[PDB]
Structure formats: structure tokens, C-alpha cells
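Structure first, commentary second.
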Amino acid sequence: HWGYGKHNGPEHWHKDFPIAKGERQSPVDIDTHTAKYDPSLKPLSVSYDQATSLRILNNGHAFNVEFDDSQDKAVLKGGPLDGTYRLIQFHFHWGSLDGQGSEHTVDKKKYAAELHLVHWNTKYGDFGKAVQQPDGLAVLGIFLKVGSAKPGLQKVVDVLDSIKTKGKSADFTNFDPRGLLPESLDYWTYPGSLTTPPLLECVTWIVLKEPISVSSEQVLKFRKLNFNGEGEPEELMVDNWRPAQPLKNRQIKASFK
Ligand SMILES: O=C(CCCCCCC(=O)Nc1ccccc1)NO
Ligand SMILES: [Zn+2]
């Protein structure tokens with residue numbers, strides 16, 4: 001099955017998922033001098049005050065924090081989006097070393113990790129229908145750099161010991177995702193895809209310009225998770241990122257000059 005190893009990693013995915021070589025694949029390098037400022041872009045509207053987190057899960061390739069998406073509790077609107085997108089889950093991609101781990105890059109610079117807040121367009125009724133549509137998902141991407149600790153991340157860090165191996169889950173209620181946001185909501189946006197199989201081309205990407213800082217100790221704890229299930233040989237969950245893909249016939253737009 002697919003993964004991030006030498007024998008099943010990103011360079012092999014096209015054999016099972018031919019869309020890997022498609023026209024709107026993610027992630028991409030953001031060339032800041034080629035991005036086009038678009039004055040028609042609206043500020044993002046992030047309404048997370050009523051978010052209800054439920055559970056944290058190690059799915060074998062990352063850990064997901066899942067939210068109740070049965071009502072318009074935590075929504076994303078505005079920016080390049082039409083309509084209302086509900087938050088369903090967030091997860092991270094990270095590296096084995098501080099100088100790699102993000103999926104998107106900025107002028108070829110890699111960050112230590114990248115946070116993806118995943119939202120789906122409510123006009124399609126459920127997440128499984130949304131992923132079949134070119135405007136089905138909106139993913140907020142936030143870069144992590146190593147520096148000062150992020151207090152709002154510590155509750156996530158402290159539960160990771162309980163979900164070390166694939167398939168483990170733990171109750172994770174009352175987590176407020178507003179503690180993961182940077183001060184500024186300036187962003188780049190482009191049409192893209194999921195960065196894991198099935199690589200569907202259903203994502204409006206919104207990548208925030210301002211990184212958040214996390215401490216070395218916080219990211220070190222991400223690197224203690226395991227790709228494997230319990231009782232299987234230990235494989236550390238590191239470098240679960242896909243490299244940048246060709247931009248092809250797409251323009252990256254910026255909300256700021
Ligand atoms: O791809 C991304 C960003 C969006 C991830 C969305 C959640 C992953 C997911 O649910 N994938 C999936 C979709 C349809 C069918 C099977 C898996 N990051 O890796
Ligand atoms: Zn992701």
C-alpha cells in the first residue's frame with residue numbers, strides 16, 4: 001500500500017493513482033515574485049468560536065483531530081470562496097529534521113511542518129460528495145517554524161503518547177483551533193489537490209503568509225509517533241510530506257502586496 005518509504009513513497013503513487021501526474025496537483029512552490037496581487041480577493045472569515053472537537057486518531061500516515069461537522073459550527077467563508085465550508089479535521093505534515101517537513105515551499109524555502117485545516121463545501125451535503133467536485137474542499141495551510149513554543153499546541157502534543165501507533169484514537173474534546181492561527185490572515189491561493197492518495201483535484205488552497213512558531217521540544221514529540229500498528233516493527237512517523245509538483249497552467253494569487 002502507499003506510504004512515504006523508499007518502496008511506496010510519492011514517486012510510486014502514480015502507478016495506483018494516475019491523477020498524480022494531473023494538471024492541478026499539490027503542493028507547489030510559491031514564487032513570491034510571480035504571484036499576482038488580486039484586489040478582488042476578500043479577507044478570510046474564520047468562525048471557529050463554536051467548534052466541537054471530538055477525537056484524535058493516528059491513521060498510519062498522520063494524526064487527525066476530528067470535529068463535529070453535522071452543523072455549521074466552525075466555518076470558513078470569504079477569501080476566494082463562494083459559500084460556506086465546514087471544518088472537519090486538521091492534521092500536520094512534518095520532517096525528520098527542522099529544515100524540512102512542509103509540503104508547500106515559499107521561494108524554495110521549506111518549513112519544519114505544515115498544518116492543514118480541512119473544510120468542505122456544504123452545498124454538496126457530505127464530505128464524500130465534496131471531494132468529487134472541483135470546488136469541494138478548502139484547506140487552510142499554515143507553516144510551522146522552530147522557535148518559541150506555541151501554547152495552544154501543547155494540548156495536542158501531550159496526547160500523542162496515547163495514539164503512538166496506527167489505528168489508535170483518543171477522546172479529544174474542547175480543543176479550540178483558534179490557538180493555532182497566526183496574527184495575520186494574509187494568504188496566497190491557488191486551485192489544487194489532496195496531497196495524499198487518492199490525490200483528487202478538489203481543493204482550493206489557502207496558504208497563510210505568516211508562519212506560527214513551535215518549540216523544538218514540541219516538534220520532537222511529533223517525531224515519536226509510528227507509521228506502524230502495535231506489535232509491528234517500529235517505523236517512526238517522519239517525512240510524511242509530498243514534494244512540490246509542477247504548477248502547469250495555474251496562477252497563484254496573493255491577498256496582499
Ligand atoms: O491532502 C491533504 C489535504 C486535504 C486532506 C483531506 C483529508 C484526507 C482525506 O479524507 N482523504 C481522502 C479523500 C477521499 C477518499 C479517500 C481519502 N493533505 O495531505
Ligand atoms: Zn495535509
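Each residue takes its place number in the sequence, starting with 1.
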Between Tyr111 and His93, is any side-chain donor less than 3.5 angstrom from a side-chain acceptor?
no
Sub-6.0 Å ring centroid separation between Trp188 and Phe256
yes
Which heavy atom of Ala74 sits nearest to which heavy atom of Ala51, and what is that distance?
CB-CB, 3.8 Å
Side-chain donor-acceptor pair under 3.5 Å between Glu103 and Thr195, yes or no?
yes
Would you say CG of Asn249 has more than 12 non-hydrogen atoms from neighbouring residues, nucleotides or ligands within 6.0 angstrom?
no
Are there more than 12 heavy atoms of other residues, nucleotides or ligands under 6.0 Å from atom CD of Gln251?
no
Verify, without hydrogens or angle tests, whether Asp126 (side chain) and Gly128 (backbone) share a donor-acceptor contact under 3.5 angstrom.
yes
Can you list everything that forms a side-chain contact (heavy atoms from CB on, under 4.5 Å) with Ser162? Sequence neighbours excluded, please.
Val159, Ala170
Please examine the side chains of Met237 and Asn58, heavy atoms only from C-beta on, and report whether any two atoms are closer than 4.5 Å.
yes
Tell me, yes or no, whether the heavy-atom count around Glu210 atom CD, taken from other residues, nucleotides or ligands under 6.0 Å, exceeds 12.
yes
Just checking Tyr4 against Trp13, ring centres under 6.0 Å apart?
yes
Is any side-chain N of the basic residue among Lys109 and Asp107 closer than 4.0 Å to the acidic one's carboxylate O?
no
Between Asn121 and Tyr85: side-chain donor-acceptor atoms closer than 3.5 Å
yes
Given the rule in the side-chain contact (heavy atoms from CB on, under 4.5 Å) test, do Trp205 and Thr189 qualify, once you have shown the distances and angles that lead to the verdict?
CA-CA 5 Å; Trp205 278 96; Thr189 183; 5.6 Å; no
Stepwise, does the side-chain contact (heavy atoms from CB on, under 4.5 Å) test hold for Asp135 with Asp82?
CA-CA 9 Å; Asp135 59 351; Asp82 295 320; over 6 Å; no
From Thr52 OG1 over to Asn174 CG, what is the distance, rounded to the nearest 0.5 angstrom?
8.0 Å
Considering all heavy atoms of both residues, which atom of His14 and which atom of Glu11 are nearest to each other, and what is their separation?
CD2-O, 3.3 Å
Should the ring pair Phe63 and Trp94 be called parallel, tilted or perpendicular, given that the plane angle runs from 0 to 90° and is split at 30 and 60?
tilted
Check for me, please, whether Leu57 and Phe92 land in the same ILVMFWY cluster - side-chain distances under 4.5 Å, paths through other members count.
no
Heavy-atom side-chain proximity of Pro233 to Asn228 below 4.5 angstrom:
no
Are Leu208 and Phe143 linked, directly or through intermediate hydrophobic residues, by side-chain heavy-atom contacts shorter than 4.5 Å (ILVMFWY only)?
no
Cation over ring, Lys155 on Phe172, under 6.0 Å and within 45°?
yes
Within the supplied structure, the quantity of interest is the number of heavy atoms (other residues, nucleotides, ligands) at a distance under 6.0 Å from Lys150 NZ; does it exceed 12?
yes
Side-chain heavy atoms of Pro134 within contact of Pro191, under 4.5 Å
no
Verify, without hydrogens or angle tests, whether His119 (side chain) and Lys77 (backbone) share a donor-acceptor contact under 3.5 angstrom.
no
Check the side chains of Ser102 and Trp241 for a donor-acceptor pair under 3.5 angstrom, ignoring hydrogens and angles.
no
Quick test of your reading of the model: are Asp72 and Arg86 salt-bridged, counting only N-O distances below 4.0 Å?
yes
Salt-bridge criterion met for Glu201 and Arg24 (N-O under 4.0 Å):
no
To the nearest 0.5 Å, how far apart are CD in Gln154 and CD in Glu217?
9.5 Å
Short side-chain donor-acceptor distance under 3.5 Å, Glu235 and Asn226
no
Answer with yes or no whether the side chains of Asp16 and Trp2 bring together a donor and an acceptor at under 3.5 Å.
no
To the closest 0.5 Å, what do you measure between CG (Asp171) and CZ (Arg55)?
9.0 Å
Verdict with reasoning, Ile56 to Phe175, per side-chain contact (heavy atoms from CB on, under 4.5 Å)
CA-CA 11 Å; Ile56 188 169; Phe175 180 80; over 6 Å; no
Could you give me the CA-CA distance, side-chain angles and deciding distance for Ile206 and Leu81, then say whether side-chain contact (heavy atoms from CB on, under 4.5 Å) is met?
CA-CA 10 Å; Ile206 301 166; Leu81 303 174; 4.1 Å; yes
pair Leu87-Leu76: side-chain heavy atoms closer than 4.5 Å
no
Would you please say whether a donor-acceptor pair under 3.5 Å links the side chains of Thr105 and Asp29?
yes
Any side-chain heavy-atom pair of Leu194 and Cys202 under 4.5 Å
yes
Would you give the length of the straight line joining atom CG of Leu236 to atom NZ of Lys164, rounded to the nearest 0.5 angstrom?
7.0 Å
Taking side chain as C-beta onward, heavy atoms only, is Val146 less than 4.5 Å from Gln218?
no
Donor-acceptor pair, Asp239 side chain versus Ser96 backbone, under 3.5 Å?
yes
Can you tell me if CG on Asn8 sees more than 12 non-hydrogen neighbours from other groups inside 6.0 Å?
yes
Does a side-chain heavy-atom distance below 4.5 Å link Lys224 with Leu160?
no
When every non-hydrogen atom of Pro197 is compared with those of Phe17, the smallest separation belongs to CB-CE1, 3.5 Å
Any side-chain to backbone donor/acceptor pair from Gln100 onto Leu97? Under 3.5 Å, distance only.
no
Do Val238 and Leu225 share a hydrophobic cluster (ILVMFWY, side-chain heavy atoms under 4.5 Å, transitive)?
yes
Near-ring test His104/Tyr190, centroid separation under 6.0 angstrom
yes
What are the two closest heavy atoms between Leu199 and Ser193, and how far apart are they?
O-CB, 3.7 Å
How long is the straight-line distance from CD of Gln25 back to NZ of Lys248, given to the nearest 0.5 Å?
8.0 Å
Same hydrophobic cluster for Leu181 and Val156, using side-chain heavy-atom links shorter than 4.5 Å among ILVMFWY?
yes
Nearest heavy-atom pair of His91 and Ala62: which atoms, and what distance?
CB-CB, 4.4 Å
Between OH on residue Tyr187 and CG on residue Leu140, distance to nearest 0.5 Å
10.5 Å
Are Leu44 and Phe67 co-members of a hydrophobic cluster defined by side-chain heavy atoms under 4.5 Å apart?
yes
Can you name the nearest heavy-atom pair linking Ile19 to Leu200, along with the distance?
CD1-CA, 4.4 Å
Determine whether a donor-acceptor pair (N or O, by modelled atom type, separation under 3.5 Å) exists between the side chain of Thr173 and the backbone of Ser53.
no
Should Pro80 and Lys253 count as side-chain neighbours, where that means a heavy-atom distance under 4.5 Å?
no
NZ/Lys145: more than 12 non-hydrogen atoms of other groups inside 6.0 Å:
no
Under-4.0 Å salt bridge between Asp98 and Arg223:
yes
